[PDB]
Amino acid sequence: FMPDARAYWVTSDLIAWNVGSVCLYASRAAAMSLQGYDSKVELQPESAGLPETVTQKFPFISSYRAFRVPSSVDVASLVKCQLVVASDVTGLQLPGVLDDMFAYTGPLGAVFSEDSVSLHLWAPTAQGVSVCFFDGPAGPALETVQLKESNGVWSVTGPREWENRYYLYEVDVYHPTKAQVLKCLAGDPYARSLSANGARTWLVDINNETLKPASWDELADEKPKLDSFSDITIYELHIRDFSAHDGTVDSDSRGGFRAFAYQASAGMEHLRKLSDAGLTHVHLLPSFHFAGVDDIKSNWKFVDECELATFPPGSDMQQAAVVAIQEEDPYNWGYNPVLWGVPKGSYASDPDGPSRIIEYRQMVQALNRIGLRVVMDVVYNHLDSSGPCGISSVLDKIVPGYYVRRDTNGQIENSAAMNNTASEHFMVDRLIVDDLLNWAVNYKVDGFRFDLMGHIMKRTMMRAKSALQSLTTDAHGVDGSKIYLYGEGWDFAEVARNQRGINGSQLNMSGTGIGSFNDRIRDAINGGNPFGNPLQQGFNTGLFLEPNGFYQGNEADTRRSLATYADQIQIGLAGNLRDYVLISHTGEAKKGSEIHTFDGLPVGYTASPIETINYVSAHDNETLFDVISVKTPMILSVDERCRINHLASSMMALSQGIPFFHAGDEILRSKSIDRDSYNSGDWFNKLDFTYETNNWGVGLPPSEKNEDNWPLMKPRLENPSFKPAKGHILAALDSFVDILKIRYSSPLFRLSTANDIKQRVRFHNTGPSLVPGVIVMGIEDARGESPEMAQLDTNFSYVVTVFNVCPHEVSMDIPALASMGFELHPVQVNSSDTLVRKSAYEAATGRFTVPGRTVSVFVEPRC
């Protein structure tokens, strides 16, 4: 942990300290104790105070007294020393002055020219920097070359023959955690390729023809069309999960980038089916250089799946076997960033050499070719490691205390998980934007999901947006206008309430065109919340309608809560707009922002449907099938729960805004009720594209994150009636595909603006006498002569969707929709589901009849 540092050096000439004569002490050898200083200077207290530039950047110290540093002081020399200020003694946090004096916008990393190669490293506090060249990926150091410094930037220019060498920086710098000037070996923060485990940086030209698959430069011409961000659907997928169990893929490609180049596999046939039905984007879990998995496959440990398959469904033996090797197996979600700009070595066929670059590109190209754009899960909010030691620490090894956020005592913030980054610092902001550009241009990535976006400054998000949009096919080989951004706008810990500045929270990102996950519709549909009691029911898990026995109040309470969830869901169905007006369950008209969650938050908060990512499931927390298996009454058949799964995914698939699906939603995927399977190996994360199993009942999930819920898991996992058969899995997939086809059969499901939604979208089952467990959504198009709106749909003039979660058939009379030519959607008329085909419309009364646990879409044809 970093020492006590309650003072801030914010500008070349200002130090901030919240004390009630102050002196500055410096030691280039780090030889101070409490003595041992080489230099000292008195700081004259500032009358005016801290400049606006400082307080805007570091709001949390706006009350700190200001102390002026004499202009005769050699600040550039001092920031390379061990420093303390005395009143009481404490260290100083330097990011402010480092930015003020050494903000750098020139090239970083390697730059290639015809006859030379240059290296640039930002290390403003270092006393010395050299580059070490190695004999390949595993050989010894062959040569050391000193770099020269200019305003905090170290560089050297060498011959073009430096190309394809391996290197590391040797950085001599004071490390507060060790209270010593240490000589550290570090990779290039601007690395474009690495040896196994990033032990060395590969000095490769990312633009070289030999690193490009055939037709790579023309990929823009092959990319799937995207008319509007409102046409986006997203499928969230882990790279290893995808092919780890796919026997149709060669053993040598399974689990990595190459598996996507196998178009004839069950996995890729699965994705093509979804893609052909309308799915537009595949969101891949972290695929950059992260820690937690050895790049060297021959170091991997595996369990015997044939053996674990013989253990009882609710036994603790499976998780014991996995946990025993989980630190050295091939598996991890990958949320442990080391270097952002390089593909993960473990996902390549060979961690050394060009394969990781070539195969990543082959992956994007393959996905593009089957109609899918690629989204990267980016994790700019924190680092796997900090400190001077370890192969997993890079940034904080080179410029200690700068890239990571720290508290007012100088301790590193860990709220994100560990080693939070400080995007509010100039060079952190730059690195993030440079990285995004790297993936967009060098890998033609189509979009980005931002992990913990609330931990990132909004100005970083907005500049990245403008930088990405500026990319053109003629200048950069990619159309930046089609690149889509979204993230987790969660507001918590040290960044909450704009404490470190305007951050990327849900509320702050309203009106930015950048999406954020809608946790309101998620919890309203499933019930409860990721941290509450697992048995808390929701709109689609039996609240009021089908009590699961867990006491949740009298029926009056549960019915009221159900109606409340219904309101929240409907606001979400209309793009979760802050200004959309809904007739609430009380009969009162309310804007989306005036309808509140149980904890006082505005339900609707966006300025556009494209700012809303509607979801009911994701990689974190329980899968859709598992959450439903836990919250619904145990008496239900798996056949009924299968229909419940489909209702949930259909609520997303037919909502205004951007639907988000967790890989497996469509096939009843289970993790044996694992709520946090980040380290649960292939066993608990199994994706089965033979459709013979869904991975339910493969033992209690790892105790680390699940033990407290084991008692409720065991009875369900052991019950044969909870497990679906192939027939169920295939049925869910067929119905999922049909609902996707319906979304893309009419533009009406995908309105692009708030004005269009306010004008065309109406909910028909509202008020105090609303029918519980039913949502009716109508969407109008231009009809008759002199229409008050444009005509968007050539085939239909009106669409009505009925979500019926009641266990029984319902008849909804909508007089406003009488005397119209509604028919069940042609997709459902020809459905393999015999239930939905019993849906009906009655023109005389405008009565819609919809079977239990069914979503029926009715259309009014134009012809």
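We number the residues from 1 along the sequence you see.
Where coordinates are absent for parts of the deposited sequence, a chain break appears; between neighbours residue 20 and residue 21 it spans 4 to 9 residues. Going from residue 48 to residue 49, you skip over nothing: the modelled chain follows the deposited sequence without a break.
In this entry, 252-260 has the higher mean Cα B-factor, the comparison being between 478-486 and 252-260. In this entry, 62-70 has the higher mean Cα B-factor, the comparison being between 62-70 and 809-817. The entry assigns its greatest Cα B factor, within the set 804, 797, 55, 828, to 55. Annotation for 439, 550, 625, 154: 550 ranks highest, by Cα B-factor. Per-chain ranking of the deposited C-alpha B factor places residue 134 in the highest third. Among the modelled residues of its chain, residue 276 has a C-alpha B-factor that falls in the middle third according to the deposited record. Split the chain's modelled residues into thirds by C-alpha temperature factor. Residue 411 is in the highest one. In the PDB entry, residue 728 places in the middle third of its chain by CA B-factor.
Ranked by Cα temperature factor within the chain, residue 288 sits in the lowest third according to the deposited record.
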